[PDB]
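Chains as they are written, first to last, in UniProt numbering: chain A, 113 to 167; chain B, 99 to 160, 179 to 238, 262 to 309; chain C, 914 to 1174; chain D, 1 to 52; chain E, 2 to 176; chain F, 502 to 668; chain G, 1503 to 1780. Quick reminder that beta carbons are idealized off the backbone N, C-alpha and C, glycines included.
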Amino acid sequence: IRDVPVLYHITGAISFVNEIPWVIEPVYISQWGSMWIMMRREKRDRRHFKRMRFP
Amino acid sequence: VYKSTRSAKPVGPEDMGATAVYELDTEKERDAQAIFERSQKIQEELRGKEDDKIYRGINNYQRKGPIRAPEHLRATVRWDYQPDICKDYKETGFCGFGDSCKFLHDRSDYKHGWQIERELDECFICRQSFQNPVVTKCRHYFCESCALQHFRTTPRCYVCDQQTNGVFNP
Amino acid sequence: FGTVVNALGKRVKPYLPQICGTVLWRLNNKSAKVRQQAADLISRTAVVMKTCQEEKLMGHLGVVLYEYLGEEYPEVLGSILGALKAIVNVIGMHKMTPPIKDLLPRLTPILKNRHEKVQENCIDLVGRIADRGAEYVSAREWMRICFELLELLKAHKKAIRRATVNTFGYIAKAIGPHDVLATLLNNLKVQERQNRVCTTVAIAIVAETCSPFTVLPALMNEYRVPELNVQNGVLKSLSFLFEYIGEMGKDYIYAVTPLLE
Amino acid sequence: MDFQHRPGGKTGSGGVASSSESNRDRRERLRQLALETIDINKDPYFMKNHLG
Amino acid sequence: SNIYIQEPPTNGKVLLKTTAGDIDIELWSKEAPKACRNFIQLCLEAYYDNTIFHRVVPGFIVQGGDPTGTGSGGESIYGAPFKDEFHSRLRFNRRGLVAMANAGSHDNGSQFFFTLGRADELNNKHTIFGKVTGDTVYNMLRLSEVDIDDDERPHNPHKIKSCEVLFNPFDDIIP
Amino acid sequence: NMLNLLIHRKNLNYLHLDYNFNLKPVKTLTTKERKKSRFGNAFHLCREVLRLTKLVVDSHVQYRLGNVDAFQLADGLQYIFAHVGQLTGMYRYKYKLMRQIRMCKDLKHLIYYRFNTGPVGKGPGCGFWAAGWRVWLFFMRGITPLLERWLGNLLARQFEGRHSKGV
Amino acid sequence: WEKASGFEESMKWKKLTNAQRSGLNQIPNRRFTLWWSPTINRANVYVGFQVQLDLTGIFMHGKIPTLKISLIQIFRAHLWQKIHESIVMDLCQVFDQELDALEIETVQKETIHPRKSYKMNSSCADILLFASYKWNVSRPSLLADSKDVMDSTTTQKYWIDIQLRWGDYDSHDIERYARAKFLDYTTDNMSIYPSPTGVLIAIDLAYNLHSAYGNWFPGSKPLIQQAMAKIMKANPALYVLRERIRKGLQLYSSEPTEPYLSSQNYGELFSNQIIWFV
RNA sequence: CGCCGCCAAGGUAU
Ligand SMILES: O=P(O)(O)O[C@H]1[C@H](OP(=O)(O)O)[C@H](OP(=O)(O)O)[C@H](OP(=O)(O)O)[C@@H](OP(=O)(O)O)[C@H]1OP(=O)(O)O
Ligand SMILES: [Mg+2]
Ligand SMILES: [Zn+2]
């Protein structure tokens, strides 16, 4: 879900999300590599794929 | 009556449309890109063979063309209501540009789409009962004694003063 | 072919789809001037198909000849207009699939063609519409074509010039003799003949088709304009007026006697 | 198409007439020309009649 | 594809047999808990036996759920009528929908109605809690005959003979 | 609620701005209402970037409806971040992002031809989306003050009127 | 090709004020754009924003004004709905033979609803067939097959609706277009169909050919195959659109006699389907 | 050793 802080207006004008991402790089590269391997193994084990119906 | 199947599964798919296939054109294994891929592949395999005359099909004697549609996509449709009509040729009969005007030269003043849209959304003389209702020469249904007293008043009719000429009938 | 189909009549019934298919294929033919024969053949076969109980194919070819009149050849366009003329003659006008609501506005750019056969067939169909279909307009078209019917004059056949005055008369019968009248009086300063006498006859026809005393006060008034041609035009219009009315001039002799003196 | 460097025209014009209205306006313009030249030259004997 | 069904997914399905045929009503139990709860409870009590359809407005509505047949008899299993439960994705843009019949404020019981078309005047006024699986919607389109004799109540109204429960979440008891 | 209320304030009532952020006339516009209602780059480019984030948030809420898994959303918003121009029309009123589209369209091959090494499969499933994500963050990172200033000038031109012969 | 008054010695001595004298002629620039129409308007290079005009279904994949003007002269005056009404009049008149099937009581033409002919998101039925009892329909299938297993629900009525489209060189396979469209409208919830059974007929105007996808009772398929081949052979609206293309495109034949086309089986052999002789 | 991928004002007057 990624719960997140926000900074919004009283009347509901605009809701600024106020958070800088702040990720450390070796755990970042390892997470992307882990999901790379899992997603290669997921596409290898799928019979055929249909993407989104993008609207 | 339409009997049911007696199942707990709902009416359709589980994704509720998240895998629309868009199979309006020729499908995947029969499309011309797939035919070109098969032809290219079999031209890559048979190389040491020199006219083996099993002939393999039509195009194999020795991705362009009909390109495959994106299956994962609807085209974003818009209603182009705005026509290009020579108004000075439509309602008047003479365009000042002649044949150099870019528009249509149309003169059919029929309804547009939006007009269809906002049209689809929505006796008598004495004033008594007919004591023997009887006629004259000219359809005038009168009474008996009332028209006798009327002839005693004036020898003509009452509605349009027609010459009765002593002619009074039922 | 017309005499053969007129002698046949009902007996040509298992032949009309083949002949009309031959015509509908024939109507392109390289555009090497073999297209007026097919349209003239339609104009001949217009009579025999009504007497053979065939109106569905009439409705088929009416919307074909409705837009095969976008030609550049005048010799083909005249035969197309003659075929459409024969369609309007043999069929009742209010029950045709090219209705008058969108047919006469397609006839109006054809009116600006200076070929004599195109002009003849066009203004004959316009006269047929003007005396039998004057309710299919917005009342503005008969006023904007009568100015173009002034430029329709000076055509040297005498059939165009005798049909166009009848078209003026039925235009004025349709939309009243008070607006085309000023057009016919403004056609009296031309310097050219065959354009001032051919509107003199039009003044006579607007005088004689609809009732009198609608054209006579302005015709008396135009003599006050100090020009030679308008005075000669109003005098010759009085000549054709009394020539066309005859016995109805018993009340107007005392009114135009101070003009004739 | 070059919409800026084409021979243009205004909408709802109607065009220009045939020979009849053109030489009618030509004769009226020559009439006005003759009247203004006799107005400058001050000729009291030039007179127009009841028929032009 | 571009059809865009435009509705949340369903949960729970019941079968309902009338003389007009079989109707498989599938409910939105998540988007409307109390109305679907009352509906499955009254189906499990066999409460809709001998219940007739007492109002037919052809093209607009066909009403049921009245054991008396007058248009005012409605008894929930709550003791009191319950609240309105609305949803922005559940509107009256089509036919085949089921909604609790209401008379103004929060007054909903056994009295409900099937839809027969576009019902934009009923938006934000009634609680949509279910639809009908297609290939069976014509068994309730046979309910709309012009035999009404009045604004409602035709000659021979169709009655519900049985009400089966195909799927039953949030387990309940008949009292 | 702001891109429709601009139209509602400017007294148009014929441009049907929809939720998926497009724009459609309805009434076959005459000259006095065509020239009043056409927008420049500040309205339209904001409309396309809001349509882009609208498709992104629609993808995320489609995931959290509960009928599609994580790999399918990965390939989905990878296609979204890699194939703008095909489905958003954002290049139409700002051409400089077109090269960035090419900058996406190139790097996808760096992704897509490294799934296919070995017995993996030719079909879709390319769900490595961070690379197009970084460059379309780099777009808005430099374009935010630009069309911020453009929409500020738009609000000035709308609310306090124009200056005809001032500057 | 174009021969009618090309040189044009003396046109008719008009005035030729400014633009009709010196400006360029727009009609060759629009008939040439009309001539390469499916490969200037192809659907699958940019598959995004498409802009269909009023009353038509071209969808215009591109912002090309010249092609839009050249395609509206051949969809000029309500002839889309005229093709609609004409072919539904043909395939309701051809069902006057009622006893050759099991039994057909009436063939109801429903309420004539405008905007139906080009509404692509929603649809309704066009005509309806009633019965007394139990029409045994089949599984939904095409018209290019011959199996006809016929094991489905016995139903009462049977709706028939027609569809229209336009070419575009990348999607001309209406055996799949009709199937996908019938699946979309039988999974749609906006439908006001009288049955989920009846056939959806799709005909392809540019590259003109015909198909359908639905279920079939025994007196339906081989009747209406030849009956709609007769519609493709003889139809006023679907031929005046052809001669309107001819008047907007200047195509002409150069033969003295008719090019061997008749009611013979030779003539549909070359309709880009594969037919063998044995 | 493998360019290139396009919107609008310009016209149906005010
Ligand atoms: O046609 P290619 O030059 O061979 O490249 C295609 C193409 O990518 P590009 O056109 O951007 O280079 C496809 O994307 P589309 O533009 O056709 O939408 C892409 O598919 P994805 O959209 O999933 O990325 C994938 O084609 P495929 O569908 O087979 O995966 C890909 O490379 P390949 O055709 O060699 O696989
Ligand atoms: Mg200008
Ligand atoms: Zn023009």
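- Query: If you drop the 5 nearest sequence neighbours on each side, which residues of the same chain put their C-beta closer than 6 angstroms to that of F1632(G)?
  - Reply: So the qualifying residues of the chain are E1607, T1608, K1659.
- Query: Any idea if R153(A) is buried or exposed, counting beta-carbon neighbours within 10 angstroms, 16 or more meaning buried?
  - Reply: exposed
- Query: The alpha helix (DSSP H) with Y1660(G) in it runs from where to where?
  - Reply: Where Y1660(G) is concerned, there is no enclosing alpha helix (DSSP H), although the beta strand (DSSP E) it sits in stretches over 1660 to 1667.
- Task: Report all residues from its chain with a CB closer than 7 angstroms to the CB of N617(F); omit the five preceding and five following residues, and keep chain order.
- Result: Residues of the same chain with a CB within less than 7 angstroms of the CB of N617(F), apart from the 5 flanking positions on each side, are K623 in chain order.
- Message: For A1521(G), would you say it is in contact with chain D, using Cβ-to-Cβ distances shorter than 7 angstroms as the test?
- Response: yes
- Query: Out of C277(B), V99(B), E135(B), which has the shortest C-alpha to C-alpha gap to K18(E)?
  - Reply: Selected option, being the one with the closest Cα: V99(B).
- So which residues on chain B does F1551(G) lean against when the C-beta distance must stay under 9 angstroms? Here the neighbours are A191, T192, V193, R194.
- Query: Hey, how far is the Cα of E165(E) from the Cα of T52(E)?
  - Reply: About 15 angstroms.
- Query: Exposed or buried, which one is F171(E) when buried takes at least 16 other CB atoms within 10 Å?
  - Reply: exposed
- Query: If you run the structure through DSSP and keep just helix, strand and coil, what is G1716(G)?
  - Reply: strand
- With 8 angstroms as the C-beta to C-beta threshold (strictly closer), list the residues of the stretch 95 to 115 of chain E near chain G in chain order. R95, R96, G97
- Message: At the 7 angstroms Cβ level, is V621(F) part of the contact set with chain A, yes or no?
- Response: yes
- Which residues, in chain order, does the stretch 1702 to 1723 of chain G contribute to contact with chain F at a C-beta distance below 8 angstroms? Cβ contacts with chain F come from no residue of the stretch 1702 to 1723 of chain G.
- Task: Determine the closest residue to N1100(C) out of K48(D), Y45(D), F3(D), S18(D), with distance taken between C-alpha atoms.
- Result: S18(D)
- Out of curiosity, what's the CA-to-CA distance linking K963(C) and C1035(C)? When only Cα atoms are considered, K963(C) and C1035(C) end up about 23 angstroms apart.
- Task: Identify which residue in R603(F), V585(F), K537(F) has its Cα closest to the Cα of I508(F).
- Result: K537(F)
- Query: So what does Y120(A) bridge to, in DSSP terms?
  - Reply: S127(A)
- Using only alpha-carbon positions, find the residue among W1778(G), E1770(G), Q1775(G), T1759(G) that is nearest to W938(C). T1759(G)
- Message: At 4 residues or longer, what runs of the alpha helix (DSSP H) sit wholly inside the stretch 1540 to 1613 of chain G?
- Response: 1567 to 1574, 1581 to 1595
- Terminal residues of the continuous alpha helix (DSSP H) containing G1040(C)? 1029 to 1045
- So is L1097(C) buried or exposed if we call it buried at 16+ other beta carbons inside 10 Å? By the 10 Å Cβ count, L1097(C) comes out buried.
- Item | Cβ-based burial, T292(B) [other Cβ within 10 Å; buried from 16] | exposed
- Message: When you compare the CB positions of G9(D) and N1527(G), do they come within less than 7 angstroms of one another, or not?
- Response: no
- Using Cβ-Cβ distances below 7 angstroms, what residues of the stretch 571 to 604 of chain F are close to chain G? Correct list: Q587, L588, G590.
- Any residues in the stretch 109 to 120 of chain B with a beta carbon nearer than 8 angstroms to a beta carbon of chain A? Which ones, in chain order? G115, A116, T117, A118, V119
- Measuring only between beta-carbons, confirm whether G52(D) sits less than 7 angstroms from chain C. yes
- Task: Say whether chain F places a C-beta atom closer than 7 angstroms to the C-beta of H221(B).
- Result: no
- Query: Is any heavy atom in ligand 3 found nearer than 6 angstroms to the beta carbon of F219(B)?
  - Reply: yes
- Message: Let me check you understand the geometry: is the CB of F213(B) closer than 6 angstroms to at least one non-hydrogen atom of ligand 3?
- Response: Flag set: Cβ of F213(B) near ligand 3.
- Under 7 angstroms between C-beta atoms of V989(C) and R948(C): Yes. Within cutoff.
- Message: Following a CB-centred definition, is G1525(G) positioned closer than 6 angstroms to any heavy atom of ligand 2?
- Response: no
- Query: Got a sec: is the Cβ-Cβ distance from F213(B) to anything in chain G below 7 angstroms?
  - Reply: yes
- Query: By a C-beta neighbour count over all protein chains shown, 10 Å radius and 16 as the cutoff for buried, is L994(C) buried or exposed?
  - Reply: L994(C) counts as buried, since no fewer than 16 other beta carbons sit within 10 angstroms of its beta carbon.
- Task: Compute every distance between the C-beta of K180(B) and the non-hydrogen atoms of ligand 1, then say whether any falls below 6 angstroms.
- Result: no
- Which residue's Cα is closest to the Cα of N568(F): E153(E), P10(E), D136(E)? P10(E)
- Query: Given that a residue counts as buried once 16 or more other Cβ atoms are within 10 Å of its Cβ, and exposed if not, what is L921(C)?
  - Reply: Exposed.
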